[PDB]
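Trainee: Sending over a structure as structure tokens; questions will come in a sec.
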Amino acid sequence: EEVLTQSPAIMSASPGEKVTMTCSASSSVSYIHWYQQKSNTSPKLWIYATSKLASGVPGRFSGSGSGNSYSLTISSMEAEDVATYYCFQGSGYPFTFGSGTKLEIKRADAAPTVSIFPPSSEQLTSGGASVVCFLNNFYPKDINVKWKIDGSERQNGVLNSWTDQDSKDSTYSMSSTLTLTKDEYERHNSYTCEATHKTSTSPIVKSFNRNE
Amino acid sequence: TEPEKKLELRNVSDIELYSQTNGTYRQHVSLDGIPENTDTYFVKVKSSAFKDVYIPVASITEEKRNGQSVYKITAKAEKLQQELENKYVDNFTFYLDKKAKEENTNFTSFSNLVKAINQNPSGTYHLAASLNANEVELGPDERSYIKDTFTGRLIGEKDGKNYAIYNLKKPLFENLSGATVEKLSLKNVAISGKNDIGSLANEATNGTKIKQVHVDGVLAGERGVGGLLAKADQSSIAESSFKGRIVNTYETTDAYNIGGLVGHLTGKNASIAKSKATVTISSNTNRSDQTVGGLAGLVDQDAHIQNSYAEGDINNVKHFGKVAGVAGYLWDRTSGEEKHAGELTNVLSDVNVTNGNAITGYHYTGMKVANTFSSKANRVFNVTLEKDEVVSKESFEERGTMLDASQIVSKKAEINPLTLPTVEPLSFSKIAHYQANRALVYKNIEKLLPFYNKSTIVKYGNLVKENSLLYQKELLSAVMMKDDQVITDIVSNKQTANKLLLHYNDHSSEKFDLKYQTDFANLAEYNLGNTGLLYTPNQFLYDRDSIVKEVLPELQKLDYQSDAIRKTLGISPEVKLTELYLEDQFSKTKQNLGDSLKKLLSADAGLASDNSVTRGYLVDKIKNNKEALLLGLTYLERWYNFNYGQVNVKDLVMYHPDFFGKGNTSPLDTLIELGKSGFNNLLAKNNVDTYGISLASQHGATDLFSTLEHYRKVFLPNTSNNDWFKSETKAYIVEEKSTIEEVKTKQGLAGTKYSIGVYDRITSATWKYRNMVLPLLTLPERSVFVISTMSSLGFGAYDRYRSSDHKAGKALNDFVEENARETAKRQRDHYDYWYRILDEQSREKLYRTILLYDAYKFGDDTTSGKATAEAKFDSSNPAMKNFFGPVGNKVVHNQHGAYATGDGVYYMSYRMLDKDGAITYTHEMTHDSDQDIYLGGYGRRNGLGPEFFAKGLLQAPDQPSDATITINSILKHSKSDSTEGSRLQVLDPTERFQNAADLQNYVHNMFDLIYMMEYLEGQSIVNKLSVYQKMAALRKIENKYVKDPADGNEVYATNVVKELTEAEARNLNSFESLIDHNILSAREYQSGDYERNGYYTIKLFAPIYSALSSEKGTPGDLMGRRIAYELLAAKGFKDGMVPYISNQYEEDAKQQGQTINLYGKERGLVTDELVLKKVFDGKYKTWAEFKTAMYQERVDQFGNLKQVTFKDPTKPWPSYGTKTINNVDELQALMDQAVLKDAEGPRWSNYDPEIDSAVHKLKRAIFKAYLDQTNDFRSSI
Amino acid sequence: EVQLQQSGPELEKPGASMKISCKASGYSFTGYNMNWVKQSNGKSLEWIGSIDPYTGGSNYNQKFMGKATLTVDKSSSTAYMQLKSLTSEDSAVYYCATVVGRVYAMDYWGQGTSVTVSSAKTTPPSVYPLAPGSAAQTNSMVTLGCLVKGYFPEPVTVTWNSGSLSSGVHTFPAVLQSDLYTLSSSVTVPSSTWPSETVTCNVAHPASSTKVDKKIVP
């Protein structure tokens, strides 16, 4: 087997910055075939044969390598550039793909508008309870959120899903869900969850009462 | 008149000078310059009969010969007296010329020619004589001899009748544009590259003329391959001629197209016409995009083929990729214009392509051929489905034995190029005392001591007597100590070698005790026993230790996986070096490098130079190829470490090249050349061809076997060569011979086609695995169990049979060797049995030999049962690393199954040494030996299948316990064994069977008993059966003339089975009505139709009242199998069965007027009614009449007499003693009850409603009673 | 141009077997080698086996040895990837490839077959209203939401304000809990226009045919 080891797994660079990825194999092969992939789309070749560029590609994208040491060198960073990359190799059987590296923009760190909404009357007829909150257009991804029951810290029944770096502002949304039964929802009048961000030292706390 | 002994060179072919002035040794061939202030030069002189002699120059001058400046040269030596112009001198001197002008003209030298083409790409070039291409250095990594892409505007060989250049490792031009080159041919070509390699050049971009060109030799590169140009670009090439060995084993992932003339055919204006080629072309396709067209291929962009005929063969490893004899890829990357495909005209090849198509790789409704011709070769490719199976595509235009007439359509044959340079030997007289009778003796003793005054040379000759074997021609002799083939003069010089082996042209030697009677530091001389002649091994005893101190360290630091070694190796970085299998010997050679390098320069060159600067040249000569020296000596050591009795041949080939003549050749150089030769040449399998490239013309020898044959005469004469082969290898081989005296006498014959001799059979030509002789010879231990049997060669792995219950050491070895003897007895008895049957003079093909390779599933001793391991490559299995892998035989290797390529057998489901595998051995033998072997020289029935001939027609019973009419020729078992119960099969074959006539008697009786019980069955049935009991009892058979993909015609009739209707059953009121309704019992048959060539056999007692004979040419499977079983039971296999299953009446059918078109060739068709008449024209005009007469004849036969001595159990476990059925009526009365009970409450479900069924119990009750009652089925009355 | 159409997305129960198919056009289907890859969300993308269409050749990865085999139909110009012993790990988008000049991609890759494997029955999702706590309502724009939790299998579509709002909403990545899928989405709208105005999410999920909307309450 020949491994392929792309690094860094994710890179944040401002537009116009110099960005390069390093992939290393378990063997030495004459040619390496790069492959850009957008999020949740079929991928397309961007370079091949180590340096031979693929069609419909900008000049900024470049590639180089020898022995077990290979890499792709993009001179300038753009929004179109934000994509996954694989130095897939087929020179030797079995054909193998690179470990996986994705370009990301370097952006100013936005602070979020936090959420929190009670279990609906439709949820209460079911007999369950689910409060959920979001963190608005915030950067960098890095965010830590807590949950609470009547103002008592809780980390159970909690399910957090991260938005992927957006397209237009490339800043991330977020949502976490505190899910417990109606018994707990009726038991705790107050429900709380609070964000944590470098952008704002103070954790952004949002809460709504059972009575309101 | 006593002369003196002084140094004197007699065969002075030429003198050469080199200088160390620049710190590197360089040749000052001409324009040396006015005498240099410092004599840093050393004079190397070449002799046609002796190794080059060396000494530093001591004086050099420049004086005018006839007012003609010529650089005088002189050399100081210890005693180099020269008889110059019949005048004796003290030390050798000569005169080197000023300059030559045969480079402005490129007619004379290859080195001059390459320079000339490089100063002017565009010019007219002509050749004065055939020349050697060895003159060029070849470069470290230079792509081709010529850098220019536009060159050779008019290169011609027309000025002379014909000429060619021999010894090529690089393409010629590298690219051509508007270049005309014709009448140019090459001979010792060996071009290998990691780029798109073409023999002539990489490409011809514009129209370039390639005509009357006849390249021949070796061509093979890692990446791309074209016969002349890598690809054809709008260029005219025709009447070309490449005949050479080309293979791309390297598994490159690019879709390289290889071609006979050009890998890619791209010209629209271009076309290949009336061209010729031959090849051992092979490759691993893997990619459909990769295309090998045999003749150019990849026809694209309107390229037309004008009547081209090539005779080369293809051995493709991968079935998936596209390859074919004349076209690899008719289809275009552009749009599919019938016209952009290109055109094919008057094209026939006798390619035995494997895993490839016959004519065109891509078949498209608009095929652009229209003039298709093919030869009778093998086109079968392996489907590789769950079961491994191989079949022909059957989509080509076939031709008969007029292929020679088709060859006559080709316009030209060849040209006979004048021979390369000669520089003849010019082998003395004109001496004070000369005896004419001793002239040959003088030549013979000129070999024994060189550098001796010619007068002293003849002085020794006078000492010879008339009886001396020196009077007989004496080939080069050699010196050895206690049979150590000593080469180290510097070490054993003081030591006295036991004897001198005086080789003769008789190819025999004589032994003379040696002694160091006199010691000279200039040269060491020895005593010639009592005879009193002197003897000196040819050396100057120079200071080798100084060279030894410097050479060993740099060469010592090398790695098998070293990239630099790979860079010097002819291999890509991606490819794994596994094929070398030299890593073990890479380590060993390095461990022994000091002694190895000691044995190397001991006799490398003649040096009289006390000066140490001269010794440095030798050190410079070695390091340059240190990487190759290691690889070469390692390669030679790996393949030459076997002794003839007590004498290792390693020294014989590694050193002493003079022993077989041509001592002038440079032994050190043959190693460095063999190291750079290239991994294509060094490839394990390539050893045979590498004997041609390197071991032939250096040893002045023709074939590896011929040198080895020449060696038994020299060593261990009086012992057979096959005997030397048999005694020497570790592997256990066994050549059991057949009892028949004539065949046993033939097994005695060393002559080919009669010898059982394994050495002979492997050495025999037409054996693809002849290269398997080296790896077997160097096998470390008994990891190879081997057998030899009539028309066959067994091969197997001890490790394959290694498992729990078979301990790897001793116990596994004991069971394997004993099993090998048992299987050898089983195989040879079956062939001896087949010989008794074969009296039709088809014994002319009696000894055809094919391989029997094992699964290669080399299991651990730990594994409880047979291993399923692929063990594909690079395993610690000694069997794989030392054998099978070096003689690479890549195979489809199924998880389960045993398949044959038609020239070999393979075992996966079964084992070659397995007793049950014996039945499979005959099954493969049925698949291969039949076409004209079991058949009388007529091809199998046109529809009759390849696997339709064994499942029932011709295979051993799968087990004695198994019940099917069959001959148990393969298995012989004892009568005392418990298997005697329900043996149901011949206990001992070959004893009851002494002739085919005796088989005819054996089956008439065997089928009389079968015929007796079937009528006993129907009568009970037609007489006493309920209407509903009649429905389940019987089945009906039909024939479907369905379309088959292989043949457009749908005339092949296919036995299909179905239940008969209730109305159809009411009609039956007679035994004859079963014959008329053609309905047979459904007890052992299901209504699922029977696929043609499907696995259908004949149940031992399944009643068949059906004679469904197709008016069509083919009838089906069971009916075809069944009727052929009664045809044997009536007429002899040759007399009747062979006519019914060999389509031999096809010529009679054409006379009759019946015909079927086959392979786009109008052909004859043969029908059952037609053969029904040939076999029985008047006896019966219907098959129904033939079976009807068989029955009434049969009725009288059972009725008149039947033995009373039939007793059977046919009862439950509690044993029943004696039925004693005295009469048939008693049997019938008992039969009526047993069958009636069988029809009462029938399960007819779950499994085994037959061996459990009462009717079959009773059927095998009185059948076994007869088998036990009679010694053999000899007579029933 | 050559266009490749893989089978429609399918879902199968583990320890089972399924066959997918890639359609071909504008190229010699048989003449250019085909290829197949498995697309894992958790891991990078990994090749299963290249296939030769003209002679039905099949090269297998050691990982997929026997797990799956490749077939082809030259007449229909459509290859077949055969899958057996299907497991939850096998669950993935698949993708056929066309080899040109030693290179499987960009030309050509099929639209994708979202092969999934499951022992979970079709389920409609749980929708509840999502929005602010202490201060985010005061903003010029307040976002509201609708949940798509505990449903099987994905696909899903959504509309807002009774379908009156189809913009400013932001769909959030899907996540799977207890074997039933879950996902989210937002509705950025002025806060000056809510609860002053009201909205409901017209969610349309095809496999379970869900049409359930939730009103947002301050």
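Following the order of the structure tokens, chains are lettered A, B, ..., residues in each are numbered from 1, and ligands are numbered from 1.
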When you look at range 106-111 of chain B with a cut-off of 12 Å (counting only C-alpha atoms), what residues show up, excluding the ones that are within fewer than 6 positions of it in the same chain? I need them as a compact mmCIF listing (two decimals) with N, CA and C atoms, in the first residue's frame.
Mentor:
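Output file selection10.txt follows:
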```txt
# COMPACT_ATOMS: atom_id res chain seq x y z
N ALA B 100 43.35 10.94 -39.84
CA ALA B 100 42.55 10.29 -40.90
C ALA B 100 41.41 11.24 -41.31
N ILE B 117 26.75 13.03 -38.74
CA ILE B 117 25.29 13.33 -38.70
C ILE B 117 25.04 14.48 -37.71
N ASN B 118 25.92 14.69 -36.73
CA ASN B 118 25.72 15.72 -35.67
C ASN B 118 26.20 17.09 -36.16
N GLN B 119 27.14 17.16 -37.12
CA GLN B 119 27.57 18.47 -37.68
C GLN B 119 26.55 19.01 -38.68
N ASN B 120 25.91 18.12 -39.45
CA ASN B 120 24.90 18.50 -40.48
C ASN B 120 23.70 17.57 -40.31
N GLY B 123 21.70 15.95 -44.84
CA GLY B 123 22.79 15.53 -45.75
C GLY B 123 22.49 14.19 -46.41
N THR B 124 23.33 13.75 -47.34
CA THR B 124 23.21 12.40 -47.98
C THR B 124 24.29 11.54 -47.33
N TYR B 125 23.94 10.40 -46.76
CA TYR B 125 24.89 9.53 -46.01
C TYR B 125 24.96 8.17 -46.70
N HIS B 126 26.16 7.62 -46.89
CA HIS B 126 26.34 6.27 -47.49
C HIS B 126 27.31 5.44 -46.65
N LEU B 127 27.23 4.10 -46.73
CA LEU B 127 28.05 3.18 -45.89
C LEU B 127 28.97 2.36 -46.80
N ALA B 128 30.26 2.20 -46.45
CA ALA B 128 31.24 1.46 -47.29
C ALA B 128 31.15 -0.03 -46.99
N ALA B 129 30.89 -0.42 -45.74
CA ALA B 129 30.81 -1.85 -45.35
C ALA B 129 29.96 -2.03 -44.09
N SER B 130 29.49 -3.25 -43.82
CA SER B 130 28.75 -3.55 -42.57
C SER B 130 29.71 -3.26 -41.43
N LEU B 131 29.24 -2.64 -40.35
CA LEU B 131 30.14 -2.17 -39.26
C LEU B 131 29.53 -2.45 -37.89
N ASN B 132 30.34 -2.33 -36.83
CA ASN B 132 29.92 -2.61 -35.44
C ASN B 132 29.42 -1.29 -34.84
N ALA B 133 28.28 -1.26 -34.13
CA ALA B 133 27.84 -0.02 -33.44
C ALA B 133 28.46 0.06 -32.04
N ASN B 134 29.30 -0.90 -31.66
CA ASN B 134 29.95 -0.94 -30.32
C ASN B 134 30.93 0.23 -30.18
N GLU B 135 31.32 0.87 -31.28
CA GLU B 135 32.31 1.98 -31.27
C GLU B 135 31.83 3.09 -30.34
N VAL B 136 30.53 3.38 -30.34
CA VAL B 136 29.95 4.48 -29.51
C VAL B 136 30.03 4.12 -28.02
N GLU B 137 30.20 5.10 -27.13
CA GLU B 137 30.21 4.90 -25.65
C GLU B 137 28.81 4.49 -25.18
N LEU B 138 27.74 5.04 -25.77
CA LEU B 138 26.29 4.79 -25.45
C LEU B 138 25.80 5.86 -24.47
N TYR B 145 21.35 7.81 -30.29
CA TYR B 145 22.67 8.11 -30.89
C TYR B 145 22.64 9.52 -31.47
N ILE B 146 21.53 9.91 -32.08
CA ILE B 146 21.38 11.27 -32.69
C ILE B 146 20.40 12.11 -31.86
N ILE B 155 20.04 8.71 -46.10
CA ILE B 155 21.04 7.70 -45.64
C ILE B 155 20.80 6.44 -46.47
N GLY B 156 21.82 5.91 -47.15
CA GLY B 156 21.65 4.77 -48.08
C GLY B 156 22.72 3.70 -47.94
N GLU B 157 22.37 2.43 -48.20
CA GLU B 157 23.33 1.29 -48.20
C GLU B 157 23.36 0.70 -49.62
N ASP B 159 24.97 1.68 -52.31
CA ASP B 159 26.28 1.75 -53.00
C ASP B 159 26.88 0.35 -52.96
N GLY B 160 26.78 -0.35 -51.83
CA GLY B 160 27.20 -1.76 -51.73
C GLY B 160 25.96 -2.62 -51.92
N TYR B 163 24.22 -3.62 -46.49
CA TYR B 163 25.03 -3.47 -45.25
C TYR B 163 24.10 -3.27 -44.05
N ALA B 164 24.58 -3.51 -42.82
CA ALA B 164 23.78 -3.35 -41.57
C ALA B 164 24.71 -3.08 -40.38
N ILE B 165 24.20 -2.54 -39.26
CA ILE B 165 25.04 -2.18 -38.08
C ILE B 165 24.61 -3.10 -36.94
N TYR B 166 25.55 -3.80 -36.28
CA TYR B 166 25.22 -4.82 -35.25
C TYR B 166 25.69 -4.37 -33.86
N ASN B 167 24.90 -4.51 -32.79
CA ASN B 167 25.24 -4.19 -31.36
C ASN B 167 24.68 -2.81 -31.05
N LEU B 168 23.36 -2.68 -30.96
CA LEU B 168 22.70 -1.38 -30.72
C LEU B 168 21.94 -1.42 -29.40
N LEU B 172 17.97 5.06 -33.27
CA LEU B 172 18.94 5.70 -34.20
C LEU B 172 18.78 7.23 -34.23
N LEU B 420 29.82 -8.13 -40.98
CA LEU B 420 30.51 -7.06 -40.29
C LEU B 420 32.02 -7.22 -40.48
N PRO B 421 32.79 -6.36 -39.82
CA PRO B 421 34.23 -6.39 -39.97
C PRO B 421 34.80 -7.72 -39.51
```
Trainee: May I ask you to extract the residues of chain B within 8 Å of chain A, using only C-alpha atoms, and to give them as a list in words?
Mentor: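 Taking only C-alpha atoms into account, residues 252, 253, 573 and 574 of chain B sit within 8 Å of chain A.
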Trainee: Give the answer as one residue: which of C:195, C:206, C:155, C:101 has the shortest atom-to-atom distance to residue 141 in chain C, using only C-alpha atoms?
Mentor: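 Using only C-alpha atoms, residue 141 in chain C sits closest to C:195.
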Trainee: Could you list, with a cut-off of 9 Å and counting only C-alpha atoms, the residues of chain C near chain A, each shown with its nearest atom pair and the distance in Å rounded to one decimal, rows sorted by chain and ascending number, as JSON lines?
Mentor:
```
{"residue": "C:41", "atom": "CA", "partner": "A:40", "partner_atom": "CA", "distance": 8.8}
{"residue": "C:43", "atom": "CA", "partner": "A:100", "partner_atom": "CA", "distance": 8.5}
{"residue": "C:44", "atom": "CA", "partner": "A:100", "partner_atom": "CA", "distance": 5.8}
{"residue": "C:45", "atom": "CA", "partner": "A:97", "partner_atom": "CA", "distance": 6.8}
{"residue": "C:46", "atom": "CA", "partner": "A:97", "partner_atom": "CA", "distance": 6.1}
{"residue": "C:47", "atom": "CA", "partner": "A:96", "partner_atom": "CA", "distance": 6.6}
{"residue": "C:48", "atom": "CA", "partner": "A:95", "partner_atom": "CA", "distance": 8.9}
{"residue": "C:49", "atom": "CA", "partner": "A:95", "partner_atom": "CA", "distance": 8.6}
{"residue": "C:50", "atom": "CA", "partner": "A:95", "partner_atom": "CA", "distance": 8.9}
{"residue": "C:59", "atom": "CA", "partner": "A:94", "partner_atom": "CA", "distance": 8.8}
{"residue": "C:60", "atom": "CA", "partner": "A:94", "partner_atom": "CA", "distance": 8.2}
{"residue": "C:61", "atom": "CA", "partner": "A:94", "partner_atom": "CA", "distance": 6.1}
{"residue": "C:62", "atom": "CA", "partner": "A:94", "partner_atom": "CA", "distance": 7.9}
{"residue": "C:95", "atom": "CA", "partner": "A:42", "partner_atom": "CA", "distance": 8.0}
{"residue": "C:102", "atom": "CA", "partner": "A:90", "partner_atom": "CA", "distance": 7.8}
{"residue": "C:103", "atom": "CA", "partner": "A:90", "partner_atom": "CA", "distance": 7.6}
{"residue": "C:104", "atom": "CA", "partner": "A:90", "partner_atom": "CA", "distance": 8.5}
{"residue": "C:105", "atom": "CA", "partner": "A:45", "partner_atom": "CA", "distance": 5.7}
{"residue": "C:106", "atom": "CA", "partner": "A:44", "partner_atom": "CA", "distance": 4.3}
{"residue": "C:107", "atom": "CA", "partner": "A:44", "partner_atom": "CA", "distance": 7.9}
{"residue": "C:108", "atom": "CA", "partner": "A:44", "partner_atom": "CA", "distance": 8.6}
{"residue": "C:109", "atom": "CA", "partner": "A:42", "partner_atom": "CA", "distance": 7.2}
{"residue": "C:110", "atom": "CA", "partner": "A:42", "partner_atom": "CA", "distance": 7.9}
{"residue": "C:111", "atom": "CA", "partner": "A:42", "partner_atom": "CA", "distance": 6.9}
{"residue": "C:112", "atom": "CA", "partner": "A:42", "partner_atom": "CA", "distance": 7.1}
{"residue": "C:126", "atom": "CA", "partner": "A:123", "partner_atom": "CA", "distance": 8.2}
{"residue": "C:127", "atom": "CA", "partner": "A:123", "partner_atom": "CA", "distance": 8.4}
{"residue": "C:128", "atom": "CA", "partner": "A:120", "partner_atom": "CA", "distance": 5.8}
{"residue": "C:129", "atom": "CA", "partner": "A:120", "partner_atom": "CA", "distance": 6.8}
{"residue": "C:130", "atom": "CA", "partner": "A:117", "partner_atom": "CA", "distance": 5.1}
{"residue": "C:131", "atom": "CA", "partner": "A:115", "partner_atom": "CA", "distance": 5.4}
{"residue": "C:132", "atom": "CA", "partner": "A:115", "partner_atom": "CA", "distance": 4.4}
{"residue": "C:133", "atom": "CA", "partner": "A:207", "partner_atom": "CA", "distance": 4.2}
{"residue": "C:134", "atom": "CA", "partner": "A:206", "partner_atom": "CA", "distance": 5.0}
{"residue": "C:135", "atom": "CA", "partner": "A:206", "partner_atom": "CA", "distance": 7.2}
{"residue": "C:136", "atom": "CA", "partner": "A:113", "partner_atom": "CA", "distance": 5.8}
{"residue": "C:139", "atom": "CA", "partner": "A:113", "partner_atom": "CA", "distance": 8.8}
{"residue": "C:142", "atom": "CA", "partner": "A:113", "partner_atom": "CA", "distance": 8.9}
{"residue": "C:143", "atom": "CA", "partner": "A:115", "partner_atom": "CA", "distance": 8.6}
{"residue": "C:144", "atom": "CA", "partner": "A:115", "partner_atom": "CA", "distance": 9.0}
{"residue": "C:170", "atom": "CA", "partner": "A:173", "partner_atom": "CA", "distance": 8.4}
{"residue": "C:171", "atom": "CA", "partner": "A:163", "partner_atom": "CA", "distance": 8.5}
{"residue": "C:172", "atom": "CA", "partner": "A:163", "partner_atom": "CA", "distance": 5.6}
{"residue": "C:173", "atom": "CA", "partner": "A:163", "partner_atom": "CA", "distance": 5.9}
{"residue": "C:174", "atom": "CA", "partner": "A:161", "partner_atom": "CA", "distance": 7.7}
{"residue": "C:175", "atom": "CA", "partner": "A:161", "partner_atom": "CA", "distance": 6.9}
{"residue": "C:177", "atom": "CA", "partner": "A:159", "partner_atom": "CA", "distance": 8.7}
{"residue": "C:183", "atom": "CA", "partner": "A:161", "partner_atom": "CA", "distance": 8.4}
{"residue": "C:184", "atom": "CA", "partner": "A:175", "partner_atom": "CA", "distance": 7.9}
{"residue": "C:214", "atom": "CA", "partner": "A:122", "partner_atom": "CA", "distance": 8.4}
{"residue": "C:216", "atom": "CA", "partner": "A:120", "partner_atom": "CA", "distance": 8.9}
{"residue": "C:217", "atom": "CA", "partner": "A:120", "partner_atom": "CA", "distance": 8.6}
{"residue": "C:218", "atom": "CA", "partner": "A:212", "partner_atom": "CA", "distance": 7.9}
```
Trainee: Compute the chain B side of the contact with chain C at 6 Å, counting only C-alpha atoms, and hand it back as a ChimeraX atom specification.
Mentor: /B:254,288-289,320
Trainee: Please compute the CA of residue 471 in chain B-CA of residue 436 in chain B distance, one decimal, in Å.
Mentor: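 Between these atoms lies a distance of 11.7 Å.
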Trainee: Going by DSSP on the backbone, which residues of range 502-643 of chain B come out as strand (DSSP E or B)? List them as a ChimeraX atom specification.
Mentor: /B:511-512,518-519,524-528,533-535,606-607,643
Trainee: Could you check how far CA of residue 141 in chain A sits from CA of residue 185 in chain C, in Å to one decimal?
Mentor: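 If I compute the distance from CA of residue 141 in chain A to CA of residue 185 in chain C, I get 17.9 Å.
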Trainee: Just asking: which residues within range 212-447 of chain B are helix (DSSP H, G or I) according to DSSP, as a list in words?
Mentor: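 In range 212-447 of chain B, DSSP puts these residues in helix (DSSP H, G or I): residues 403, 404, 405, 406, 407, 408, 409, 439, 440, 441, 442, 443, 444, 445, 446 and 447 of chain B.
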Trainee: Take the selection from the previous step and output its residues with N, CA and C atoms, as a CSV table (one decimal), in the first residue's frame.
Mentor:
```csv
chain,number,residue,atom,x,y,z
B,403,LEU,N,-1.6,-21.3,-46.3
B,403,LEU,CA,-1.0,-20.1,-45.6
B,403,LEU,C,0.3,-19.8,-46.4
B,404,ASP,N,1.0,-20.8,-46.8
B,404,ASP,CA,2.2,-20.6,-47.6
B,404,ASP,C,1.8,-19.9,-48.9
B,405,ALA,N,0.7,-20.3,-49.5
B,405,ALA,CA,0.2,-19.7,-50.8
B,405,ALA,C,-0.1,-18.2,-50.5
B,406,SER,N,-0.8,-18.0,-49.3
B,406,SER,CA,-1.1,-16.6,-48.9
B,406,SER,C,0.2,-15.9,-48.6
B,407,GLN,N,1.2,-16.5,-48.1
B,407,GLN,CA,2.5,-15.9,-47.9
B,407,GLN,C,3.1,-15.4,-49.2
B,408,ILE,N,2.8,-16.2,-50.3
B,408,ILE,CA,3.3,-15.9,-51.7
B,408,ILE,C,2.7,-14.5,-52.1
B,409,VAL,N,1.5,-14.1,-51.6
B,409,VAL,CA,1.0,-12.8,-51.9
B,409,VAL,C,2.0,-11.7,-51.5
B,439,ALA,N,53.9,-28.6,-36.5
B,439,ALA,CA,53.4,-27.2,-36.7
B,439,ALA,C,52.1,-27.1,-35.8
B,440,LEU,N,51.2,-28.0,-35.9
B,440,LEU,CA,50.0,-28.0,-35.0
B,440,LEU,C,50.4,-28.0,-33.6
B,441,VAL,N,51.4,-28.8,-33.3
B,441,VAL,CA,51.9,-28.9,-31.9
B,441,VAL,C,52.4,-27.5,-31.5
B,442,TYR,N,53.1,-26.9,-32.4
B,442,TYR,CA,53.7,-25.5,-32.1
B,442,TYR,C,52.5,-24.6,-31.8
B,443,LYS,N,51.5,-24.7,-32.5
B,443,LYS,CA,50.3,-23.8,-32.3
B,443,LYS,C,49.7,-24.2,-31.0
B,444,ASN,N,49.6,-25.5,-30.6
B,444,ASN,CA,49.0,-26.0,-29.4
B,444,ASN,C,49.8,-25.5,-28.2
B,445,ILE,N,51.2,-25.5,-28.3
B,445,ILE,CA,52.1,-25.2,-27.2
B,445,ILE,C,52.3,-23.7,-27.2
B,446,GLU,N,51.8,-23.0,-28.2
B,446,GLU,CA,51.9,-21.5,-28.3
B,446,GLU,C,50.9,-21.1,-27.2
B,447,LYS,N,49.8,-21.8,-27.1
B,447,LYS,CA,48.8,-21.6,-26.1
B,447,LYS,C,49.4,-21.8,-24.7
```
Trainee: Compile the contact shell of residue 668 in chain B as a list in words: residues with an atom at most 7 Å away, counting only C-alpha atoms, same-chain residues fewer than 2 positions apart removed.
Mentor: residues 600, 604, 666, 670, 671 and 672 of chain B
Trainee: Within 9 Å of range 1119-1123 of chain B, counting only C-alpha atoms, which residues show up once you throw out same-chain ones fewer than 2 positions away? Write them as a list in words, please.
Mentor: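 Final neighbour list, sorted by chain and number: residues 944, 948, 949, 952, 953, 1055, 1096, 1097, 1098, 1104, 1106, 1107, 1108, 1109, 1114, 1115, 1116, 1117, 1125, 1126, 1127, 1128, 1140 and 1141 of chain B.
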Trainee: From the set A:182, A:18, A:107, A:188, which residue has the shortest atom-to-atom contact distance to residue 75 in chain A, counting only C-alpha atoms?
Mentor: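 Checking each candidate against residue 75 in chain A, we get A:18 as the closest.
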Trainee: If you measure from CA of residue 82 in chain B to CA of residue 6 in chain B, what distance in Å do you get, rounded to one decimal?
Mentor: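 These two atoms are separated by 9.2 Å.
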Trainee: From the set B:1192, B:1173, B:1260, B:833, which residue has the shortest atom-to-atom contact distance to residue 1210 in chain B, counting only C-alpha atoms?
Mentor: B:1260
Trainee: Near residue 116 in chain C, within 7 Å and counting only C-alpha atoms, which residues show up once chain neighbours fewer than 4 positions away are dropped, as a VMD selection string?
Mentor: chain C and resid 10 to 12 91 to 92
